[PDB]
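*Asks:* Here it is, the structure, as structure tokens.
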Amino acid sequence: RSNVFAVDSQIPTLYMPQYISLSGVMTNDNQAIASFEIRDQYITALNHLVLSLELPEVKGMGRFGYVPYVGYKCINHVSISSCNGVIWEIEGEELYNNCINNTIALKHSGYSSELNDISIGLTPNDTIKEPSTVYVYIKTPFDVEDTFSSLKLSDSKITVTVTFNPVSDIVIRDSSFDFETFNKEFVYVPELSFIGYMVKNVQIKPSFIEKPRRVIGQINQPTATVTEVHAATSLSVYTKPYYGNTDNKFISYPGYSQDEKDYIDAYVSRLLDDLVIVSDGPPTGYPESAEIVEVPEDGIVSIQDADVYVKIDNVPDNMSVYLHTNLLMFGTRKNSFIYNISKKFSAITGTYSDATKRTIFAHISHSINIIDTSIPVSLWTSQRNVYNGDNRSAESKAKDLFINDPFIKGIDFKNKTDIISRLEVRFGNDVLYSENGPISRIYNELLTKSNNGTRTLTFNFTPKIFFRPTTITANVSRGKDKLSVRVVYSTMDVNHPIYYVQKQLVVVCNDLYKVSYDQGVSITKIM
Amino acid sequence: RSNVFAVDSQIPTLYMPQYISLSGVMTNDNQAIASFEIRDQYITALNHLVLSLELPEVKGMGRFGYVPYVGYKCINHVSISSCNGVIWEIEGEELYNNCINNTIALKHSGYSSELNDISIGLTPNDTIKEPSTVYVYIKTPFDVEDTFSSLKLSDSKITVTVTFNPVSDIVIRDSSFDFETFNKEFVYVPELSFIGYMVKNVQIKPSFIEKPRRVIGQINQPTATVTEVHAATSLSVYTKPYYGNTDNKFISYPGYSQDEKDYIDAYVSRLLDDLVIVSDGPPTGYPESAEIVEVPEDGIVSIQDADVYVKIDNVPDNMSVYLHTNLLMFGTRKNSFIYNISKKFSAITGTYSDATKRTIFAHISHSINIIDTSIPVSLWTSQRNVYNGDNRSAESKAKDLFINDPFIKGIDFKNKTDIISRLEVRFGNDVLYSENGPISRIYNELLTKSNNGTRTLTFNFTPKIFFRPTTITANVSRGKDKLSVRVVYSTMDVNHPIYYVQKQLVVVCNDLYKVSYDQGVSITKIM
Amino acid sequence: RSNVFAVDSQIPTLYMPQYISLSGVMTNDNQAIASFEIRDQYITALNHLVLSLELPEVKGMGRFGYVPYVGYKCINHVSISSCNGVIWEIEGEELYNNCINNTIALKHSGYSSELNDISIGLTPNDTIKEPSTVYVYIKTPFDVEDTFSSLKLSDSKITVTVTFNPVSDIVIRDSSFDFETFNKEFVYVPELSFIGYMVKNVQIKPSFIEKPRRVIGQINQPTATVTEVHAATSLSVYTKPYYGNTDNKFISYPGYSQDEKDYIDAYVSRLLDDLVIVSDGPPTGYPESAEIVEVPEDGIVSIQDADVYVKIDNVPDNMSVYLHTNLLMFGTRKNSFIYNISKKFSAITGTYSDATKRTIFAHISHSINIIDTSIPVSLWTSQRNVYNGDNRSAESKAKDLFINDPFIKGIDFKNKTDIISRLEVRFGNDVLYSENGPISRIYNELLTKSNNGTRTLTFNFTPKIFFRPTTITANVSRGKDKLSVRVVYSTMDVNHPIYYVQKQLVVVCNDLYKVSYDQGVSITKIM
């Protein structure tokens, strides 16, 4: 029988860990780049890199906030090199995707009301945000099995290089904020930390590493190809919106609250102030194409098959209640179907306030969804729209927000709508995998215990470090040395504005490398 | 010293995984049954079964929603067989209990506002629910240790058989919905997915598997027995309500929100409309046994020792505020104790609305609990009640809901009340285990890291796949070959309606089987 | 190739587990102590200790609730001994810190609305709390690797000793509650449970254990030292507030809701009733130093550079709205800076209610923070304050709460403010570690997957039970045998009341011991 009530304690290698901090050299659309040099003969190994960033004080007028997870979304590229060349590098989006299921890391990177609420400044000396510090955990393959997987610095110099996104990507602002001055005075202030191990009589062996590689397809094309694929551990596919043909303005943003319901509530709250008006006579200050009708005594207004029920309490006797019946409208033919945001409401109740002269709304019944919240403003007024799209007031138009978040997936802010209806993967000339529903995404989420998985083919099911990973292997004789992806996009109604949001296909392939430690550290691609 | 900074990477078996999808054959109270045949010489092993279901579009009038986790609660029985007979099978409740701690699987099975809100249809062409798809992860013993635990198809045919519950179990509806037509036109549309492994030169060994077995006791009896127990790894005990002697109608249901507080708020919101009435003269439309009194100037109404404080703002000068002092009442003797739902309120405030002619309530102080929310309507008006139990209005009575959820435990919707006061387990003739408090449930939750454990005796503490599980073993000579369970139910007040909810004892025993792969796959019960 | 599709199942030691329950002997500021004796020749090993406590029914008048996690916070000290002396012991705070990341254990210890809401009693026979039972999981080193790590009772007697905190520590109450009577009649009722293993032919080996050791520095001193440190696995540093120079009264407490936002909302709700008053003529019942001004027609009141916007709806025509412009004020010089709580509000809206004669507030804009919510009442009226600090009404002053929670860290209830600006650790005479930012806390949280980490130096990265832990080792020749900690506290404004909250430095060191089982169980400190 095997003893399950006692073990023989082995004696491990003699070592001592230490937390080490380093300052870097900054160089410069003059993209900012920081380089850090690690050179110490007593550091035998290292892992768990953490980057810290000091965000400065922001003063002035207007509305301003940071995007959620600002620390992660400010990073464009990270590279780790030695004298033999690059050892490992990655783009910001792949790092974010790898860390998306680590709630503590996400929270450390900057996720709080103080950073992400959209604050308001009233005078040029008002303080909008106080200074603070965020930390970015740079997850690497060297962390998966603690000491067993650490990177050995075989008496070489290690350089870490961080490339930063332009500050316009991490800021959410309205048009009143003095962004040009802010961008002129903003500077990145970084510092790198890691755990070092001073080891006595270390015994080094060769090991195994996976390096991600991203390919981005052409605009609106449904194909993409990764070349020179000889030993890959997985393949992922997803889509990104392209907002380069717009002005990047949006009606609302919820800030720190990030549920779907929160998005919808922020949107509805922004529309309600212009949708129902209590006025002495016909309300003024709206464009000529607005159709504002007076609410009858029974409270029901008809908008061609759609009925809206409006009841406001405490309305002054010299005033009436009006309903904006075409607040936002879009169509491609003069007498065809119309997408009308006013028709998405069925019941509106509330009470007029004499002291503040505005309506405080209570219960709302509606059918707004995340796609409606994700339509960009410039598409409402594009050239293909045969109507005047934006019939809002000037005060409402002055509250629109610029949003340039670089890691958005799908065509909405939550990646909730699935726009891929068929996926087909070819390895060489033959079909390797095809599916209609998102069964591969379901399997990805099940196997990784994540809520935000992607369509992923996994080829490796063996334990990570103690076994060589299982791969799909090339056959250059038959020409099996490339992976081509082809999708079929879902069909949308030609009269919905979201039909004209452009998209790009993204393919991610994880290639296998061999790590050898003779003549310091070097890698060679497994073929 | 053992090296903790390097390992020797072993080379694993050469294999390649693949996602596979299959359609099935449907046959038919004409219970629906689907059978799926897996036959491919290149599939060496498989695991991670996932069932997908397409739910159709629902139109018409009335109120309609799906129960939470509809995908899991639609399954009655799953069986896996070969030519040598059944290999593994399980009932829906055991599968649900095994997956209850997997939040991602639960969410994939169908848990969202679009499915579980109680939606309303106004015209016979109104769309209540849009079509959608859910996925059910069928957790099997072959998943616990990935490739190590997978099922080997030794050149045999594998059949998966799914038996479905009648659609009445998964639907929550009011009496206005045309359920007979819906049930006539509803059809299950299933598809099975799994991960297959094509293996090169596989080396097969015998392995170990546990098969659950359920026994249900007789109505209201406090005993149950599992026979032919020779090697069991665990034993569980819990209770189920039996609603077969009622009409299955309930006053309220919270829908997507599933906290205890949410249940209570939905219940209170449904009662408040009938409990406080603003009327011109004595309110009409209530049964003759209602005792509706006018609220005095100090706002305090006395109901025999109980005092209710009622203050409503903006009451018209030609109207008064009334309180229903016996909205629901139950008692067994004419002058004994009375359970009166009106006496569970202590303070009620709000404001009358002239525009909508209804009261919008603000702060409520009450002592309603989950048992009150879980009493079925038919028990309020049973023959043993000496009063007229339901003194609500017809409009309120028309909003009651049918609920037939098949996996309810305890006597309330959350299984919060513990109705077992003593548990005694006998193996043969001698006492094997007895307890007063729920210390075995506490231990179950601690060891499995679950929030919804049950009273469980665990006999196996060894690692799952690399060791033979530890069991309690029979001794047929002394007659130790049966487990008999006896409980003592808690004592309830004879004047509480919940005292008359019937219950059944459920015992679950996990038996050990041996898996051999000679002459294909076959199992033999370990004795 | 290594087989990854099959294993050889080893046969483990023959054993059988059993749940065992024991009653104890109670002895007695007459601190209560319970001792439990475990003596049974058939119990070979044990682990997973669980303590149960019955809390009694509480009746009377006033406001009363239990602190969150009452079961954990009622324990002062736990000790495990045999005839050779103490084997393992720990203080309540170290146990709490070790279990803080186990949500299920925390919830079992007593975390619910029924226990932690601040309930109200109206008559001397009112029931404030119903009886209930909580369970405290006493995490020990013997649990980390189930059977492998269990404690072997080599035919010796084991004694478990629990020392309880005085009941004043676990109760939150107002001054109306009859605490002297409650304390006279309260008694602890404990019971110990554990999992025992009856083992056949056990094979015992020596093993390894870590024992925590706490040192508390002197009041306001920024140093502390742990002597006789020869082999430590980690070191932790944090701070505690000392409320011994106050009366322990606080303005508000949120109860069951424990987010920062919840603390702030409870505080703001308590202030609003005294901050804005609707009255017929100048409001009465406030101290003479109150400066209550009438709100002008534009609704803007100026308080020296600060502007407050006040608009209340439905104000009677014979009444006006007043604002309390110095509700709480503190300063050290007569004409210097002033900390004024009235100036932390910028906008206040609401509606007066004629039926209940009070204001129901709606939207509030403010800058209150957790430090404001954590200032004790007695510091507002200390001798160093040159103003009268508390200008509240008597009704508001009668609602203050005593809070004596013994495990508070930092200077606020959430340990959110970081008051350590520099930390320096010396081992012998040389600097072992120094940092400015909380990078060691970040690393602690990353490595332990916790949201509530502390500043911690970790010396052991090897797997726990199968390897001897790695340590920092003494060198008594050079005098490396002590760890001295020195911090630099952050600088606060001399006109903020929180500057005068006293604090203590806490250092925790984990020493290594050897466990041998010859002559029963005994330990010897590793040197």
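Starting from 1 in every chain, residues are counted up; chains themselves are A, B, ... following the order of the structure tokens, and ligands are numbered from 1 as listed.
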So which residues touch residue A:34 within 9 Å, counting only C-alpha atoms, skipping near sequence neighbours fewer than 6 positions away, as a list in words?

*Replies:*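 Within the cut-off, the hits are residues 24, 25, 26, 27, 28, 160, 161, 162, 163, 164 and 190 of chain A.
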
*Asks:* Please produce a file of those selected residues containing C-alpha atoms, as a PDB file, in the first residue's frame.

*Replies:*
ATOM      1  CA  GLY A  24      13.993  53.436 -16.971  1.00  0.00           C
ATOM      2  CA  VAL A  25      15.102  55.646 -19.862  1.00  0.00           C
ATOM      3  CA  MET A  26      12.364  57.404 -21.845  1.00  0.00           C
ATOM      4  CA  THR A  27      12.610  58.164 -25.568  1.00  0.00           C
ATOM      5  CA  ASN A  28      10.172  59.381 -28.218  1.00  0.00           C
ATOM      6  CA  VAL A 160      12.562  45.113 -21.279  1.00  0.00           C
ATOM      7  CA  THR A 161      10.989  47.533 -23.740  1.00  0.00           C
ATOM      8  CA  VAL A 162       7.523  49.032 -23.323  1.00  0.00           C
ATOM      9  CA  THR A 163       5.834  50.989 -26.112  1.00  0.00           C
ATOM     10  CA  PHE A 164       2.940  53.203 -25.100  1.00  0.00           C
ATOM     11  CA  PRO A 190       6.947  54.203 -15.517  1.00  0.00           C
TER      12      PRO A 190
END

*Asks:* How would you write, as a PDB file with C-alpha atoms, in the first residue's frame, the set of residues in stretch 357-484 of chain C that DSSP gives as helix (DSSP H, G or I)?

*Replies:*
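What follows is the written file part.pdb:
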ATOM      1  CA  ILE C 370     -14.303  56.998   4.233  1.00  0.00           C
ATOM      2  CA  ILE C 371     -12.029  58.985   6.555  1.00  0.00           C
ATOM      3  CA  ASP C 372     -14.926  61.297   7.341  1.00  0.00           C
ATOM      4  CA  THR C 373     -17.064  58.265   8.060  1.00  0.00           C
ATOM      5  CA  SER C 374     -14.332  56.862  10.317  1.00  0.00           C
ATOM      6  CA  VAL C 377     -17.240  61.445  17.768  1.00  0.00           C
ATOM      7  CA  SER C 378     -15.049  62.275  20.770  1.00  0.00           C
ATOM      8  CA  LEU C 379     -12.362  63.753  18.546  1.00  0.00           C
ATOM      9  CA  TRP C 380     -14.798  66.350  17.253  1.00  0.00           C
ATOM     10  CA  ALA C 394     -30.169  66.098  20.638  1.00  0.00           C
ATOM     11  CA  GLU C 395     -32.263  63.611  18.652  1.00  0.00           C
ATOM     12  CA  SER C 396     -29.325  63.033  16.309  1.00  0.00           C
ATOM     13  CA  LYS C 397     -26.878  62.758  19.203  1.00  0.00           C
ATOM     14  CA  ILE C 439       4.865  46.912  -4.155  1.00  0.00           C
ATOM     15  CA  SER C 440       5.210  44.179  -1.534  1.00  0.00           C
ATOM     16  CA  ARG C 441       1.477  44.368  -0.862  1.00  0.00           C
ATOM     17  CA  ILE C 442       0.763  44.143  -4.578  1.00  0.00           C
ATOM     18  CA  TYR C 443       2.942  41.051  -4.798  1.00  0.00           C
ATOM     19  CA  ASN C 444       1.260  39.495  -1.765  1.00  0.00           C
ATOM     20  CA  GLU C 445      -2.169  39.952  -3.328  1.00  0.00           C
ATOM     21  CA  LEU C 446      -1.003  38.601  -6.687  1.00  0.00           C
ATOM     22  CA  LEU C 447       0.583  35.488  -5.230  1.00  0.00           C
ATOM     23  CA  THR C 448      -2.236  34.645  -2.799  1.00  0.00           C
TER      24      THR C 448
END

*Asks:* At a cut-off of 8 Å, using only C-alpha atoms, what residues contact residue A:425? Leave out same-chain residues fewer than 2 positions from it and give the result as a VMD selection string.

*Replies:* chain A and resid 423 427 431 to 434 483 to 486

*Asks:* Could those residues be written to a file, using N, CA and C atoms, as a PDB file, in the first residue's frame?

*Replies:*
ATOM      1  N   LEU A 423     -17.897  29.627 -39.478  1.00  0.00           N
ATOM      2  CA  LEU A 423     -16.450  29.727 -39.425  1.00  0.00           C
ATOM      3  C   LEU A 423     -15.860  28.478 -40.051  1.00  0.00           C
ATOM      4  N   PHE A 427      -6.161  24.045 -43.070  1.00  0.00           N
ATOM      5  CA  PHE A 427      -4.735  23.849 -42.835  1.00  0.00           C
ATOM      6  C   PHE A 427      -4.179  23.198 -44.090  1.00  0.00           C
ATOM      7  N   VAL A 431     -10.096  21.034 -45.210  1.00  0.00           N
ATOM      8  CA  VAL A 431     -10.817  21.625 -44.092  1.00  0.00           C
ATOM      9  C   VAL A 431     -10.355  20.959 -42.806  1.00  0.00           C
ATOM     10  N   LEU A 432      -9.878  21.766 -41.868  1.00  0.00           N
ATOM     11  CA  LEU A 432      -9.476  21.276 -40.558  1.00  0.00           C
ATOM     12  C   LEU A 432     -10.599  21.372 -39.539  1.00  0.00           C
ATOM     13  N   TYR A 433     -11.426  22.411 -39.672  1.00  0.00           N
ATOM     14  CA  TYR A 433     -12.538  22.600 -38.710  1.00  0.00           C
ATOM     15  C   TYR A 433     -13.595  23.553 -39.257  1.00  0.00           C
ATOM     16  N   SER A 434     -14.869  23.199 -39.091  1.00  0.00           N
ATOM     17  CA  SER A 434     -15.952  24.095 -39.467  1.00  0.00           C
ATOM     18  C   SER A 434     -17.082  23.976 -38.462  1.00  0.00           C
ATOM     19  N   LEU A 483      -2.457  28.331 -42.297  1.00  0.00           N
ATOM     20  CA  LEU A 483      -3.809  28.308 -41.760  1.00  0.00           C
ATOM     21  C   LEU A 483      -4.564  29.487 -42.342  1.00  0.00           C
ATOM     22  N   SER A 484      -5.625  29.207 -43.080  1.00  0.00           N
ATOM     23  CA  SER A 484      -6.455  30.247 -43.661  1.00  0.00           C
ATOM     24  C   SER A 484      -7.834  30.183 -43.026  1.00  0.00           C
ATOM     25  N   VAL A 485      -8.363  31.338 -42.655  1.00  0.00           N
ATOM     26  CA  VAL A 485      -9.628  31.419 -41.949  1.00  0.00           C
ATOM     27  C   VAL A 485     -10.605  32.129 -42.862  1.00  0.00           C
ATOM     28  N   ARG A 486     -11.834  31.631 -42.909  1.00  0.00           N
ATOM     29  CA  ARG A 486     -12.883  32.276 -43.678  1.00  0.00           C
ATOM     30  C   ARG A 486     -14.161  32.258 -42.863  1.00  0.00           C
TER      31      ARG A 486
END

*Asks:* Would you list the contacts of residue B:471 as a ChimeraX atom specification, taking every protein, DNA or RNA residue within 12 Å and counting only C-alpha atoms, but skipping same-chain residues closer than 6 positions in sequence?

*Replies:* /B:210,229-235,457-462,509-513,526-527 /C:11-17

*Asks:* Restricting it to N, CA, C and O atoms, dump the selection as an mmCIF file, in the first residue's frame.

*Replies:*
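Writing the result to out37.cif gives the following:
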data_model
loop_
_atom_site.group_PDB
_atom_site.id
_atom_site.type_symbol
_atom_site.label_atom_id
_atom_site.label_comp_id
_atom_site.auth_asym_id
_atom_site.auth_seq_id
_atom_site.Cartn_x
_atom_site.Cartn_y
_atom_site.Cartn_z
ATOM 1 N N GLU B 210 -17.737 5.772 -10.606
ATOM 2 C CA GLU B 210 -18.813 5.834 -9.627
ATOM 3 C C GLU B 210 -20.132 6.148 -10.321
ATOM 4 O O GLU B 210 -20.188 7.035 -11.177
ATOM 5 N N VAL B 229 -26.073 -2.459 -1.047
ATOM 6 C CA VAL B 229 -24.977 -1.509 -0.923
ATOM 7 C C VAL B 229 -23.741 -2.287 -0.493
ATOM 8 O O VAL B 229 -23.651 -2.742 0.651
ATOM 9 N N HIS B 230 -22.777 -2.436 -1.393
ATOM 10 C CA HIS B 230 -21.569 -3.188 -1.100
ATOM 11 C C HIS B 230 -20.302 -2.356 -1.102
ATOM 12 O O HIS B 230 -19.326 -2.759 -0.463
ATOM 13 N N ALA B 231 -20.287 -1.213 -1.781
ATOM 14 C CA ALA B 231 -19.094 -0.370 -1.823
ATOM 15 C C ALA B 231 -19.558 1.003 -2.315
ATOM 16 O O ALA B 231 -19.689 1.229 -3.518
ATOM 17 N N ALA B 232 -19.825 1.892 -1.368
ATOM 18 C CA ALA B 232 -20.351 3.214 -1.644
ATOM 19 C C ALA B 232 -19.317 4.253 -1.247
ATOM 20 O O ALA B 232 -18.614 4.092 -0.248
ATOM 21 N N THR B 233 -19.216 5.309 -2.042
ATOM 22 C CA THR B 233 -18.286 6.386 -1.749
ATOM 23 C C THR B 233 -18.910 7.543 -0.984
ATOM 24 O O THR B 233 -18.171 8.319 -0.372
ATOM 25 N N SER B 234 -20.233 7.679 -0.986
ATOM 26 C CA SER B 234 -20.865 8.761 -0.240
ATOM 27 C C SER B 234 -22.358 8.494 -0.139
ATOM 28 O O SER B 234 -22.903 7.628 -0.824
ATOM 29 N N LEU B 235 -23.013 9.261 0.728
ATOM 30 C CA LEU B 235 -24.447 9.171 0.943
ATOM 31 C C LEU B 235 -24.986 10.566 1.207
ATOM 32 O O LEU B 235 -24.414 11.301 2.014
ATOM 33 N N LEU B 457 -22.572 12.350 3.886
ATOM 34 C CA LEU B 457 -21.489 11.581 4.473
ATOM 35 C C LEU B 457 -20.514 11.229 3.363
ATOM 36 O O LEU B 457 -20.903 10.618 2.365
ATOM 37 N N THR B 458 -19.259 11.625 3.522
ATOM 38 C CA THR B 458 -18.222 11.340 2.544
ATOM 39 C C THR B 458 -17.288 10.275 3.091
ATOM 40 O O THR B 458 -16.798 10.395 4.217
ATOM 41 N N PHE B 459 -17.058 9.227 2.303
ATOM 42 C CA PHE B 459 -16.180 8.140 2.699
ATOM 43 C C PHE B 459 -14.835 8.154 1.989
ATOM 44 O O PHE B 459 -13.931 7.425 2.408
ATOM 45 N N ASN B 460 -14.676 8.939 0.924
ATOM 46 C CA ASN B 460 -13.455 8.940 0.126
ATOM 47 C C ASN B 460 -12.715 10.263 0.254
ATOM 48 O O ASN B 460 -13.250 11.315 -0.110
ATOM 49 N N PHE B 461 -11.478 10.202 0.753
ATOM 50 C CA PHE B 461 -10.604 11.365 0.844
ATOM 51 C C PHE B 461 -9.311 11.215 0.054
ATOM 52 O O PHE B 461 -8.394 12.021 0.240
ATOM 53 N N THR B 462 -9.212 10.259 -0.785
ATOM 54 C CA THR B 462 -7.989 10.036 -1.542
ATOM 55 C C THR B 462 -8.093 10.716 -2.900
ATOM 56 O O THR B 462 -9.198 10.947 -3.398
ATOM 57 N N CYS B 509 -27.038 7.448 -3.182
ATOM 58 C CA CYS B 509 -25.898 6.607 -2.854
ATOM 59 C C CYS B 509 -25.046 6.427 -4.099
ATOM 60 O O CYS B 509 -25.574 6.137 -5.175
ATOM 61 N N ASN B 510 -23.736 6.597 -3.954
ATOM 62 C CA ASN B 510 -22.796 6.503 -5.067
ATOM 63 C C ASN B 510 -22.087 5.151 -5.018
ATOM 64 O O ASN B 510 -21.217 4.933 -4.171
ATOM 65 N N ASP B 511 -22.442 4.253 -5.931
ATOM 66 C CA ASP B 511 -21.852 2.922 -5.981
ATOM 67 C C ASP B 511 -20.631 2.887 -6.889
ATOM 68 O O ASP B 511 -20.521 3.653 -7.847
ATOM 69 N N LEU B 512 -19.708 1.987 -6.566
ATOM 70 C CA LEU B 512 -18.451 1.832 -7.282
ATOM 71 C C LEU B 512 -18.529 0.731 -8.326
ATOM 72 O O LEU B 512 -19.053 -0.351 -8.058
ATOM 73 N N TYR B 513 -18.008 1.015 -9.521
ATOM 74 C CA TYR B 513 -17.964 0.046 -10.605
ATOM 75 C C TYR B 513 -16.543 -0.056 -11.133
ATOM 76 O O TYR B 513 -15.735 0.859 -10.977
ATOM 77 N N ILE B 526 -18.505 -3.592 -8.310
ATOM 78 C CA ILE B 526 -17.595 -4.079 -7.281
ATOM 79 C C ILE B 526 -18.397 -4.570 -6.088
ATOM 80 O O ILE B 526 -19.252 -3.854 -5.554
ATOM 81 N N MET B 527 -18.115 -5.797 -5.657
ATOM 82 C CA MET B 527 -18.750 -6.393 -4.488
ATOM 83 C C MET B 527 -17.783 -6.653 -3.347
ATOM 84 O O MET B 527 -18.130 -6.415 -2.187
ATOM 85 N N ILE C 11 -3.195 1.264 -4.490
ATOM 86 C CA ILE C 11 -4.085 0.994 -3.367
ATOM 87 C C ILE C 11 -3.606 1.816 -2.174
ATOM 88 O O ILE C 11 -2.437 1.684 -1.780
ATOM 89 N N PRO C 12 -4.446 2.657 -1.584
ATOM 90 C CA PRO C 12 -4.023 3.458 -0.437
ATOM 91 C C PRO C 12 -4.173 2.701 0.876
ATOM 92 O O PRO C 12 -4.758 1.619 0.940
ATOM 93 N N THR C 13 -3.618 3.301 1.929
ATOM 94 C CA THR C 13 -3.850 2.839 3.289
ATOM 95 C C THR C 13 -5.333 2.626 3.549
ATOM 96 O O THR C 13 -6.179 3.386 3.078
ATOM 97 N N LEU C 14 -5.647 1.567 4.281
ATOM 98 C CA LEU C 14 -7.024 1.291 4.660
ATOM 99 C C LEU C 14 -7.409 2.222 5.803
ATOM 100 O O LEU C 14 -6.751 2.232 6.847
ATOM 101 N N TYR C 15 -8.458 3.015 5.606
ATOM 102 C CA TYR C 15 -8.920 3.926 6.643
ATOM 103 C C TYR C 15 -10.416 4.165 6.507
ATOM 104 O O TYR C 15 -11.048 3.764 5.530
ATOM 105 N N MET C 16 -10.978 4.818 7.520
ATOM 106 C CA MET C 16 -12.368 5.255 7.525
ATOM 107 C C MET C 16 -12.536 6.562 8.291
ATOM 108 O O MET C 16 -12.179 6.628 9.471
ATOM 109 N N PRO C 17 -13.085 7.612 7.686
ATOM 110 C CA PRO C 17 -13.265 8.871 8.407
ATOM 111 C C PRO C 17 -14.582 8.895 9.170
ATOM 112 O O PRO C 17 -15.513 8.146 8.879
#

*Asks:* Quick one: DSSP strand (DSSP E or B) residues in stretch 253-494 of chain A, as a ChimeraX atom specification?

*Replies:* /A:276-279,292-294,300-303,306-313,320-324,328-330,339-340,345-353,358-366,390,401-402,420-427,430-435,455-458,467,472-473,475,480,482-489
